[PDB]
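Starting off, we have a lone chain in the form deposited in one PDB entry, written out as structure tokens.
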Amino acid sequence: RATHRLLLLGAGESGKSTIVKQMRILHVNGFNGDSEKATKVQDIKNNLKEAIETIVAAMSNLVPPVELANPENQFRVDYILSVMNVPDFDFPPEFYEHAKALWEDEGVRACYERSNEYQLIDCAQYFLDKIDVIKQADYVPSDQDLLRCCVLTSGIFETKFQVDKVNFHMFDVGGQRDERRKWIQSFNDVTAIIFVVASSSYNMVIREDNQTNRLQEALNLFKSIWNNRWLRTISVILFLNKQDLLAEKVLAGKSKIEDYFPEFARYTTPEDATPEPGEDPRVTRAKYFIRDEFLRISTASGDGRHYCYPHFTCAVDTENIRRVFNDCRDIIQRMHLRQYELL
């Protein structure tokens, strides 16, 4: 009975393309068949190789550098560096055995744990932990494997689908810095903006300059969107994404939010916080602090004729996104009448 046009906005690697993948799983045909699977098997292997070669290459460049725990692995390091830039790598059995032995080296792992000091795809641990699965000749990627796959294709990508007679036309708008000049061109008859944030990347810097904090970049972009003159009446659904990785990072206790956002040291969990069942209170405090950084922007200015709807999301978790998207569906249905509450 209606067609809604939703824009996914957000910095690079925030989760936009992953959300589209979930929409296709839920409302189209997912990753289609063996042809797509097979063609995308190469992306998974290339992620695995990118992960291990990035970690290995970073060891000598960290300050202080990190050495192998077992010097017997030196030839494996050399092999990985040697094939780092081979086009169309063929992934023979020895690649997996060498990658796995390096992944198990405590020095390589120690370098991995300092990955916020270089640029490492978030799916590194996921794929490195299942080398034995991926290396099998009869390996077929699961939907989760394909969701975790990191392929940062620039451009604007679109999906359209119907749910209970309502159409949703969703735009995955590339958000790396050199793509943002194009954002305004997708603002054609927008129902709502979905702004996606990598909540877990508070201790990381962006690829574009290897200097600007990733979460600060997201906050700056959200401020740009929230206060934009041509979005004053367009509400913003905020996906505070990567909640799984955020919880892991908070609980590991090695990278403190307050070293990057000092006001966290004085931050108390709000009284109206609604932690999930089983949630560690340290994670609640972290995720609500990050939420409240965005809500401070949305309450500070630009709040005239639109609302912000925050959600905690895990874009690789299909059931999580089913639930959040259904909440979005209801938010959208309720927007028309809610607009009359505004002054």
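Note that residue numbering begins at 1 and tracks the sequence as displayed.
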| item | value |
| --- | --- |
| Stretch with the higher entry mean CA B-factor, where the candidates are 302-310 and 280-288 | 302-310 |
| Of 35-43 and 57-65, the stretch whose C-alpha atoms average the higher B-factor in the entry | 35-43 |
| Criterion, highest CA B-factor; candidates, 252, 221, 147, 236 | 252 |
| Per the PDB entry, maximal CA B factor within 217, 248, 172, 138 | 138 |
| Relative C-alpha B-factor of residue 160, binned into the chain's lowest, middle or highest third | lowest |
| For residue 132, the third of its chain into which the C-alpha B factor falls | highest |
| Residue 103, C-alpha B-factor rank within chain (lowest, middle or highest third) | middle |
| Record-listed C-alpha B factor of residue 337: chain third | highest |
| Third of the chain, ranked by Cα B-factor, where residue 229 sits | highest |
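Note that the form deposited with a partner chain bound isn't included here; everything after this is about it.
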item: 4.5 angstroms heavy atom contact with the partner chain in the deposited complex for residue 184; value: yes
item: Exercise: residue 117 in contact with the partner chain in the deposited complex, heavy atom 4.5 Å; value: no
item: Partner proximity in the deposited complex: residue 224 to the partner chain, non-hydrogen atom cutoff 4.5 Å; value: yes
item: 4.5 angstroms heavy atom contact with the partner chain in the deposited complex for residue 88; value: no
item: Proximity to the partner chain in the deposited complex, single hit among 130, 160, 177, 256 (heavy atom within 4.5 Å); value: 177
item: Selected contact from 78, 208, 106, 72, since only one has a non-hydrogen atom within 4.5 angstroms of the partner chain in the deposited complex; value: 208
item: 26, 317 and 320 each touching the partner chain in the deposited complex (heavy atom, 4.5 Å); value: no
item: Candidate stretches 213-221, 197-205, 109-117, 91-99 - the one whose heavy atoms come within 4.5 Å of the partner chain in the deposited complex; value: 213-221
